[PDB]
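Notes follow once the structure below has been shown.
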Amino acid sequence: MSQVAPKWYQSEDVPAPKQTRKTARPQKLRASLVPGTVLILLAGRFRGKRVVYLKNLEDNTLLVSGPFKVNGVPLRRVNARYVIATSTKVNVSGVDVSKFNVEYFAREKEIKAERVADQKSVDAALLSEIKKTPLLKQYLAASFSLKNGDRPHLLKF
Amino acid sequence: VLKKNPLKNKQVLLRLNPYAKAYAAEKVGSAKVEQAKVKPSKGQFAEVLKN
Amino acid sequence: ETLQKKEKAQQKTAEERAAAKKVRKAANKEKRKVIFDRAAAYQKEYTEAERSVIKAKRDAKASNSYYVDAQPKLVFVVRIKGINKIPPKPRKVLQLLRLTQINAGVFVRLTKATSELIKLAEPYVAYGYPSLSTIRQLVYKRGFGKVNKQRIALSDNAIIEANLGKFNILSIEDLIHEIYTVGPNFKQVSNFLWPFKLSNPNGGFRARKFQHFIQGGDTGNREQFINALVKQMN
Amino acid sequence: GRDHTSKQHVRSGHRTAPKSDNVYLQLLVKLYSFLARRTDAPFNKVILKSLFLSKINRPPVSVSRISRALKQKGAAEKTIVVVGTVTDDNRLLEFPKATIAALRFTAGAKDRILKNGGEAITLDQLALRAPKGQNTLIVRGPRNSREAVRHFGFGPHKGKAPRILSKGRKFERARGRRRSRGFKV
Amino acid sequence: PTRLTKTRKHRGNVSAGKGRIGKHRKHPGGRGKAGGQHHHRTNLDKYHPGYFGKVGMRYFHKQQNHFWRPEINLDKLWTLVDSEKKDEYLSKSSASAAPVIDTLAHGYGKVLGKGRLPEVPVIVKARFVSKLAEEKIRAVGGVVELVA
RNA sequence: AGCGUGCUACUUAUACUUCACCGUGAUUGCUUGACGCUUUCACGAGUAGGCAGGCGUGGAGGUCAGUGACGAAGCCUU
RNA sequence: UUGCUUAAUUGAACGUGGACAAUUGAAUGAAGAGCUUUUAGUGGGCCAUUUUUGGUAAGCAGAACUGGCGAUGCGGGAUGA
RNA sequence: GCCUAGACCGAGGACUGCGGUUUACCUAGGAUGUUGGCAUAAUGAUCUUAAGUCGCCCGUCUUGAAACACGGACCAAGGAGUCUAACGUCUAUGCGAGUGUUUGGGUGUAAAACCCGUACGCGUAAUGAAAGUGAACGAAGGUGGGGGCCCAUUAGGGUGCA
RNA sequence: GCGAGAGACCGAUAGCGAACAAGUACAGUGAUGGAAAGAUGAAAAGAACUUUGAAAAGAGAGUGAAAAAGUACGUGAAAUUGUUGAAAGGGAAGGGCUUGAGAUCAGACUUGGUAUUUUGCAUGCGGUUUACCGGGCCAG
Ligand SMILES: NC[C@@H]1O[C@H](O[C@H]2[C@@H](O)[C@H](O[C@@H]3[C@@H](O)[C@H](N)C[C@H](N)[C@H]3O[C@H]3O[C@H](CO)[C@@H](O)[C@H](O)[C@H]3N)O[C@@H]2CO)[C@H](N)[C@@H](O)[C@@H]1O
Ligand SMILES: [Mg+2]
Ligand SMILES: [Mg+2]
Ligand SMILES: [Mg+2]
Ligand SMILES: [Mg+2]
Ligand SMILES: [Mg+2]
Ligand SMILES: [Mg+2]
Ligand SMILES: [Mg+2]
Ligand SMILES: [Mg+2]
Ligand SMILES: [Mg+2]
Ligand SMILES: [Mg+2]
Ligand SMILES: [Mg+2]
Ligand SMILES: [Mg+2]
Ligand SMILES: [Mg+2]
Ligand SMILES: [Mg+2]
Ligand SMILES: [Mg+2]
Ligand SMILES: [Mg+2]
Ligand SMILES: [Mg+2]
Ligand SMILES: [Mg+2]
Ligand SMILES: [Mg+2]
Ligand SMILES: [Mg+2]
Ligand SMILES: [Mg+2]
Ligand SMILES: [Mg+2]
Ligand SMILES: [Mg+2]
Ligand SMILES: [Mg+2]
Ligand SMILES: [Mg+2]
Ligand SMILES: [Mg+2]
Ligand SMILES: [Mg+2]
Ligand SMILES: [Mg+2]
Ligand SMILES: [Mg+2]
Ligand SMILES: [Mg+2]
Ligand SMILES: [Mg+2]
Ligand SMILES: [Mg+2]
Ligand SMILES: [Mg+2]
Ligand SMILES: [Mg+2]
Ligand SMILES: [Mg+2]
Ligand SMILES: [Mg+2]
Ligand SMILES: [Mg+2]
Ligand SMILES: [Mg+2]
Ligand SMILES: [Mg+2]
Ligand SMILES: [Mg+2]
Ligand SMILES: [Mg+2]
Ligand SMILES: [Mg+2]
Ligand SMILES: [Mg+2]
Ligand SMILES: [Mg+2]
Ligand SMILES: [Mg+2]
Ligand SMILES: [Mg+2]
Ligand SMILES: [Mg+2]
Ligand SMILES: [Mg+2]
Ligand SMILES: [Mg+2]
Ligand SMILES: [Mg+2]
Ligand SMILES: [Mg+2]
Ligand SMILES: [Mg+2]
Ligand SMILES: [Mg+2]
Ligand SMILES: [Mg+2]
């Protein structure tokens, strides 16, 4: 621009940030999110898929299984804001989901042998409880879509 | 640097009015009144109804 | 080696500051107890006076009489008219009421002088009798003080004490009490308060503002509906 | 919009610095900018303000006025402060021993102060022996003896001096200054 | 310098500070002292009273050298005494030996009597003196000696 | 979807409320830049006109031991 | 105190000394009060409400107070000083 | 008192303050945590153009101009408050009851710089037509204010320039 | 008039009217009036020759540092105009704001750090790519 030289009093030190008081407090999920509830995925690859909710992970995401045999959607995480939580529920008191956490889904084609074995073991109990409710498998294996004249502000889920 | 409303920020409310804590503790905002069930208009105040 | 020199100096002065804050906070506790007691006494006398007036009304009803309420001593005045095309005398009157913008509010103690002042500003203002909660909400949300000619938020009782302690105002509740039940130092307390700058009403005005409240407009004395208006605008 | 009760964006109307670019005069204000900022002594705030004044606002102070100022009761050793030039007065019959602090001294003034046993110091030397202006006495020169003020506020029956280049009986003396030539104002 | 004048700041503004209605014209009101009795009467009467008319008597062939008579007051009279010898004189002057101050030789015609003299006899030589100047010189024990 | 009248909600000015940034005035403090740094508040329409702070040109004193035939100046160009 | 005034030791004006202390004698406000110098442009105006004169009246002519336009954009009156 | 949906914003930048829960921690003197994608690019700007909306030709005199008022077809270069004599206010500077070296003389590395002094101008006295006369009763005056300085000890007193 | 030395002056619409065959060309019966007009290049080396053409000329070629210097001559602006390319266009065109579309431009994998695979050089310096730490931007 111009011939104005920088001066000596124009320092280059970067100040430290002030001490912030934004201490995080835990997330509150919607009352409709109780483990075992069947959810509808709204975005992502598996959008429109009806899936079973299993556990609230500590990252604020939801652990979900298809089950993979019924749907092809595996055990994975979803965000609570991209899911419509219906009123259908599956008894997941008999499904052990303790070993699942954020590090389980840590970033490292093909699929780990541990994860496939866990998929089958979880899907066994989910399936055992799903068979009890008639058409629950058929419902979970079917994709969701809005028909003409479907008003989501008027529909019960 | 940033004005905070004491009617929204409880910490600022207690900073300005310490008695608000007692107001909250005693439910002064929903305090019942002890009195008898009376009706003192049975006589001449029924002149409101007609004349 | 300037690192350890400057670190030692802040930690020494930090410990000194910590000790000083301990003594200050211990001393400040008694003052906060004082203002706590003051607020409790004000609440008790408010409730007792209300119940006393209510009982007196019931008794007058019972005893074939009519309890005539004491006339209001305080009014809240809001300028709802813009700054253009104002005749000189009401313009001067509004300036002397510190109402120099639209949606500016001020507290007035009703005498005869101030009443005739408000009568001069009547076509341009909406005013009325404010409730205690309306006063508190105004002072808490939009209460500012005039300190060395600056508009400073009333965010701490120390500002109020430093400016109105010679008038026995040590808290925001002392100020609210002094305003509501018009006290011996109402003049100083209300002039220390910067004129309240309200927004437009949420819900709007009437269809046409600039006609008396009695004739379906907004100007003049609305008396107790100024509380609803302040709720709309504050 | 605002109904302004006063004019907006009004400068204070006072000098906040000398108009002079004399580097040594600004060093003295730098000393008294610090003194006015930090001593709470009213003397130092007056000196900082007086260093800003213009030439006509710093009239010369004769050494006779200081002599008359030293003749106040209980003032024989007060220190005289003149923010300006102290000039000599050859009409004095005698001068006392005195300490006078000034921006400038004329040759007659400096010789006469020192000849009579006194001191002629600058205002920075004052700020060390009297950083709060203790036991001082500020002397200001006559402001209204200036020639330009003779013509200020001229008008009929005002008694001021006309702005005129020549003086005599033929120069603005006939009509309006004499009843034999019409009127007098 | 032309660069500091307001002519440079008026460039770009139409009227150059002279007004759009009033405009800058050749000579509205006349030239010089025109109209001093008719439309500039209000100016000359207010600020230069006495301008019109004759007062007093004429003087054909006036030589100001005839009227040369510079004044020296009494409070400035001792400055004509030698500066290097003033202080001893202020002490040792008496009726028997007082300093002579030749005022004419310093360029003064009349000695006036403003101010106060040292309580010291002096001999003042002047062309003219006032009544009080000579009274003050005699009171301190001095004398005035007339010269030409 | 006209006339008189009542009611509920809604629409939107450079106006009002909260916030950001610019400038102006004031204001708090400050012992290798104090003609400087800093805290805070209020305010900002404008012809004629006044003042202030700046941008640009021919030439001049000083300086950059400044650029330049390995390309100055000028000229055209999302 | 006086050269003014009273029949006066009466008065007049200006004074010495003493008493009445912060509710020092209504309200509201006050980006503080007071003071000075110097100089520009301007010296065709017009409009609205109300008072109002001449005129049958006029988008006519003339006054009173205020507010405006002129000098001013913006939202509304479709459009319009 | 309690629950609940959305939008806009995130200025500041070690600590310092007021509070709350109890020499600890907090929501309490201004947004952080975490995850994904992108760095041949998501992101942003300009130019042209389309679309929506608004937008009358500038300058001028005028109460009033887009005017059916006047100049202007277009482009380049030139083009208009200057200098001088004498002055008013303000400001800076030097010296100061004085001040101004430059008419002139000296000198010179030669229209420069450096130096010199008698006079003279203005100032230091006014007033009267003029003859003329010509500025201290007093601490160069008194009273009411008056910054600053001094003695005090809220107050009060002393001294009080402009 | 003659002879000199200079300038904070002007720089070819300026400076005298004239920087040139300027008081010239030209006008007017006449007295008088009175311009425009400087720059190739260091040097003409001012383009031999061949070819097309009636010729001027054009095209090859040649000289030149440059012909993007050819006496139409340094640089060569704008108005105005031709061609090419891009685009728009129902009784104008032009403008502001906003975004789209196309074109252009900008920017952090930083002067990123650790080694490392692996290579050009003077044990060491520059590159490179894989890992980890961490960083930039846009977002949930
Ligand atoms: N001696 C008379 C004249 O003085 C002129 O010079 C005068 C001016 O240059 C200068 O003017 C000053 C002015 O600067 C200053 N700021 C105010 C002062 N009043 C003015 O002086 C003025 O008044 C005096 C009388 O008092 C007149 O003699 C003078 O002509 C007049 N200009 O003061 C000089 C005093 O005379 C010229 N040298 C010349 O015309 C002639 O000598
Ligand atoms: Mg609404
Ligand atoms: Mg504003
Ligand atoms: Mg005098
Ligand atoms: Mg008189
Ligand atoms: Mg004459
Ligand atoms: Mg008469
Ligand atoms: Mg006669
Ligand atoms: Mg201008
Ligand atoms: Mg202008
Ligand atoms: Mg123009
Ligand atoms: Mg002007
Ligand atoms: Mg004009
Ligand atoms: Mg004029
Ligand atoms: Mg005379
Ligand atoms: Mg309609
Ligand atoms: Mg209807
Ligand atoms: Mg805005
Ligand atoms: Mg402005
Ligand atoms: Mg030039
Ligand atoms: Mg130069
Ligand atoms: Mg070079
Ligand atoms: Mg170039
Ligand atoms: Mg004028
Ligand atoms: Mg005039
Ligand atoms: Mg007219
Ligand atoms: Mg006119
Ligand atoms: Mg006009
Ligand atoms: Mg307007
Ligand atoms: Mg409009
Ligand atoms: Mg209409
Ligand atoms: Mg930030
Ligand atoms: Mg676009
Ligand atoms: Mg339009
Ligand atoms: Mg015109
Ligand atoms: Mg006309
Ligand atoms: Mg026009
Ligand atoms: Mg027309
Ligand atoms: Mg006309
Ligand atoms: Mg005309
Ligand atoms: Mg034409
Ligand atoms: Mg033309
Ligand atoms: Mg002299
Ligand atoms: Mg004098
Ligand atoms: Mg006498
Ligand atoms: Mg020529
Ligand atoms: Mg010519
Ligand atoms: Mg040429
Ligand atoms: Mg041939
Ligand atoms: Mg070339
Ligand atoms: Mg060339
Ligand atoms: Mg060419
Ligand atoms: Mg072109
Ligand atoms: Mg057609
Ligand atoms: Mg784009």
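By convention here, the chains of the structure tokens are called A, B, ... in the order presented, each chain's residues are numbered starting at 1, and ligands are numbered starting at 1 in the order presented.
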
>> Residues near residue 66 in chain D, anyone? I mean within 9 Å using only C-alpha atoms (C1' of nucleotides), not counting same-chain ones fewer than 4 positions away, as a count of residues only.
In response: 7

> Could you pull the residues within 8 Å of residue 18 in chain B, counting only C-alpha atoms (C1' of nucleotides), minus those fewer than 4 positions along the same chain, as a ChimeraX atom specification?
Replying inline: /B:13-14,22 /C:32,35-36

Give as an mmCIF file with C-alpha atoms, in the first residue's frame every residue of chain E that touches chain H within 8 Å, counting only C-alpha atoms (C1' of nucleotides).
data_model
loop_
_atom_site.group_PDB
_atom_site.id
_atom_site.type_symbol
_atom_site.label_atom_id
_atom_site.label_comp_id
_atom_site.auth_asym_id
_atom_site.auth_seq_id
_atom_site.Cartn_x
_atom_site.Cartn_y
_atom_site.Cartn_z
ATOM 1 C CA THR E 7 -10.031 29.233 -2.057
ATOM 2 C CA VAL E 55 -13.870 71.840 13.504
ATOM 3 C CA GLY E 56 -11.368 74.408 14.643
ATOM 4 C CA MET E 57 -9.117 76.761 12.723
ATOM 5 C CA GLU E 71 8.065 64.932 27.714
ATOM 6 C CA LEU E 112 6.394 66.618 34.022
ATOM 7 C CA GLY E 113 5.495 65.644 37.540
ATOM 8 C CA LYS E 114 4.037 62.139 37.451
ATOM 9 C CA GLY E 115 5.332 59.746 40.075
ATOM 10 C CA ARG E 116 7.685 60.117 43.015
ATOM 11 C CA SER E 130 5.185 72.018 35.172
#

>> Hey, which residues sit close to ligand 12? Say within 12 Å, counting only C-alpha atoms (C1' of nucleotides) and all ligand atoms, and write them as a list in words.
In response: residues 5, 6, 7, 9, 10, 13, 15, 16, 17, 18, 19, 20, 22, 23 and 24 of chain E; 48, 49, 50 and 51 of chain F; 39, 40 and 41 of chain G; 81 of chain H

>> List the spatial neighbours of residue 74 in chain G as a list in words - criterion: any atom at most 10 Å away, only C-alpha atoms (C1' of nucleotides), same-chain residues fewer than 3 positions off excluded.
In response: residues 13, 14 and 15 of chain F

Let's have the selection written as a PDB file, in the first residue's frame, with N, CA, C and O atoms (P, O5', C5', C4', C3', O3' and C1' of nucleotides).
ATOM      1  P     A F  13     -40.921  -2.114   5.725  1.00  0.00           P
ATOM      2  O5'   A F  13     -40.892  -0.609   6.240  1.00  0.00           O
ATOM      3  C5'   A F  13     -40.178  -0.254   7.410  1.00  0.00           C
ATOM      4  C4'   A F  13     -39.750   1.188   7.370  1.00  0.00           C
ATOM      5  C3'   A F  13     -38.748   1.601   8.428  1.00  0.00           C
ATOM      6  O3'   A F  13     -37.433   1.225   8.087  1.00  0.00           O
ATOM      7  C1'   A F  13     -40.457   3.209   8.311  1.00  0.00           C
ATOM      8  P     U F  14     -36.511   0.424   9.121  1.00  0.00           P
ATOM      9  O5'   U F  14     -35.550   1.555   9.686  1.00  0.00           O
ATOM     10  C5'   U F  14     -34.625   2.187   8.813  1.00  0.00           C
ATOM     11  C4'   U F  14     -34.102   3.479   9.382  1.00  0.00           C
ATOM     12  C3'   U F  14     -35.169   4.460   9.849  1.00  0.00           C
ATOM     13  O3'   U F  14     -34.548   5.346  10.782  1.00  0.00           O
ATOM     14  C1'   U F  14     -34.061   5.375   7.998  1.00  0.00           C
ATOM     15  P     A F  15     -34.443   4.988  12.343  1.00  0.00           P
ATOM     16  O5'   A F  15     -35.777   5.602  12.942  1.00  0.00           O
ATOM     17  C5'   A F  15     -35.795   6.877  13.563  1.00  0.00           C
ATOM     18  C4'   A F  15     -37.012   6.983  14.432  1.00  0.00           C
ATOM     19  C3'   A F  15     -37.004   6.051  15.634  1.00  0.00           C
ATOM     20  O3'   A F  15     -36.427   6.649  16.782  1.00  0.00           O
ATOM     21  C1'   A F  15     -38.984   5.707  14.381  1.00  0.00           C
TER      22        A F  15
END

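Residues in contact with residue 26 in chain H at 12 Å, where only C-alpha atoms (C1' of nucleotides) are counted and same-chain residues fewer than 2 positions away are skipped, are listed as residues 21, 22, 23, 24 and 25 of chain A; 11 of chain B; 19, 20, 21, 22, 24 and 28 of chain H.
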
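Proximity to chain E was assessed for D:93, D:165, D:103, D:51 counting only C-alpha atoms; the smallest distance is recorded for D:93.
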
>> Set the cut-off to 12 Å and count only C-alpha atoms (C1' of nucleotides): what are the residues of chain D that reach chain G? Output as a ChimeraX atom specification.
In response: /D:4-12,144,148-149,151-153

Generate the output file for the selected residues, N, CA, C and O atoms, as an mmCIF file, in the first residue's frame.
data_model
loop_
_atom_site.group_PDB
_atom_site.id
_atom_site.type_symbol
_atom_site.label_atom_id
_atom_site.label_comp_id
_atom_site.auth_asym_id
_atom_site.auth_seq_id
_atom_site.Cartn_x
_atom_site.Cartn_y
_atom_site.Cartn_z
ATOM 1 N N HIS D 4 -33.184 17.568 21.484
ATOM 2 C CA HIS D 4 -31.942 17.926 22.154
ATOM 3 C C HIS D 4 -32.160 19.166 23.008
ATOM 4 O O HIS D 4 -32.609 20.208 22.515
ATOM 5 N N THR D 5 -31.837 19.045 24.295
ATOM 6 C CA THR D 5 -31.936 20.179 25.209
ATOM 7 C C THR D 5 -30.696 21.042 25.174
ATOM 8 O O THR D 5 -30.691 22.137 25.755
ATOM 9 N N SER D 6 -29.664 20.574 24.496
ATOM 10 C CA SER D 6 -28.422 21.298 24.355
ATOM 11 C C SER D 6 -27.826 20.951 23.008
ATOM 12 O O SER D 6 -28.198 19.953 22.379
ATOM 13 N N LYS D 7 -26.886 21.772 22.567
ATOM 14 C CA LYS D 7 -26.216 21.494 21.311
ATOM 15 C C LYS D 7 -25.362 20.238 21.417
ATOM 16 O O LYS D 7 -24.719 19.977 22.437
ATOM 17 N N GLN D 8 -25.425 19.413 20.377
ATOM 18 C CA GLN D 8 -24.703 18.153 20.338
ATOM 19 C C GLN D 8 -23.305 18.380 19.783
ATOM 20 O O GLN D 8 -23.076 19.288 18.978
ATOM 21 N N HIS D 9 -22.366 17.548 20.227
ATOM 22 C CA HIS D 9 -21.003 17.516 19.689
ATOM 23 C C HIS D 9 -20.321 18.886 19.774
ATOM 24 O O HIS D 9 -19.855 19.446 18.780
ATOM 25 N N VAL D 10 -20.271 19.417 20.989
ATOM 26 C CA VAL D 10 -19.715 20.735 21.270
ATOM 27 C C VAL D 10 -18.342 20.561 21.906
ATOM 28 O O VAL D 10 -18.209 19.887 22.934
ATOM 29 N N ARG D 11 -17.319 21.165 21.301
ATOM 30 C CA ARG D 11 -15.996 21.117 21.904
ATOM 31 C C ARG D 11 -15.977 21.920 23.199
ATOM 32 O O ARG D 11 -16.797 22.818 23.415
ATOM 33 N N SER D 12 -15.045 21.555 24.088
ATOM 34 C CA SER D 12 -15.051 22.126 25.433
ATOM 35 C C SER D 12 -14.864 23.637 25.406
ATOM 36 O O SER D 12 -15.359 24.338 26.293
ATOM 37 N N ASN D 144 -6.551 44.074 30.545
ATOM 38 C CA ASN D 144 -7.320 45.131 29.893
ATOM 39 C C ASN D 144 -6.528 46.401 29.557
ATOM 40 O O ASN D 144 -7.130 47.366 29.077
ATOM 41 N N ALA D 148 -5.796 46.928 21.888
ATOM 42 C CA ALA D 148 -6.950 46.454 21.137
ATOM 43 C C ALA D 148 -8.230 46.563 21.943
ATOM 44 O O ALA D 148 -9.306 46.761 21.370
ATOM 45 N N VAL D 149 -8.138 46.460 23.269
ATOM 46 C CA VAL D 149 -9.336 46.528 24.090
ATOM 47 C C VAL D 149 -9.912 47.934 24.117
ATOM 48 O O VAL D 149 -11.084 48.109 24.472
ATOM 49 N N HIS D 151 -10.819 49.646 21.689
ATOM 50 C CA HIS D 151 -11.820 49.741 20.640
ATOM 51 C C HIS D 151 -12.910 48.689 20.773
ATOM 52 O O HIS D 151 -13.830 48.667 19.951
ATOM 53 N N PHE D 152 -12.834 47.822 21.779
ATOM 54 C CA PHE D 152 -13.838 46.781 21.942
ATOM 55 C C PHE D 152 -15.142 47.377 22.451
ATOM 56 O O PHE D 152 -15.142 48.251 23.317
ATOM 57 N N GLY D 153 -16.253 46.938 21.873
ATOM 58 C CA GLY D 153 -17.553 47.440 22.286
ATOM 59 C C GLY D 153 -17.773 48.907 21.986
ATOM 60 O O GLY D 153 -18.392 49.616 22.791
#

>> At a cut-off of 7 Å and counting only C-alpha atoms (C1' of nucleotides) and all ligand atoms, what residues surround ligand 19? Please answer as number ranges by chain.
In response: F: 44-46

Go ahead and dump the residues you just picked, C-alpha atoms (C1' of nucleotides), as a PDB file, in the first residue's frame.
ATOM      1  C1'   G F  44     -24.833  11.517  14.402  1.00  0.00           C
ATOM      2  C1'   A F  45     -30.615  15.167   8.994  1.00  0.00           C
ATOM      3  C1'   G F  46     -28.942  19.478   6.428  1.00  0.00           C
TER       4        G F  46
END
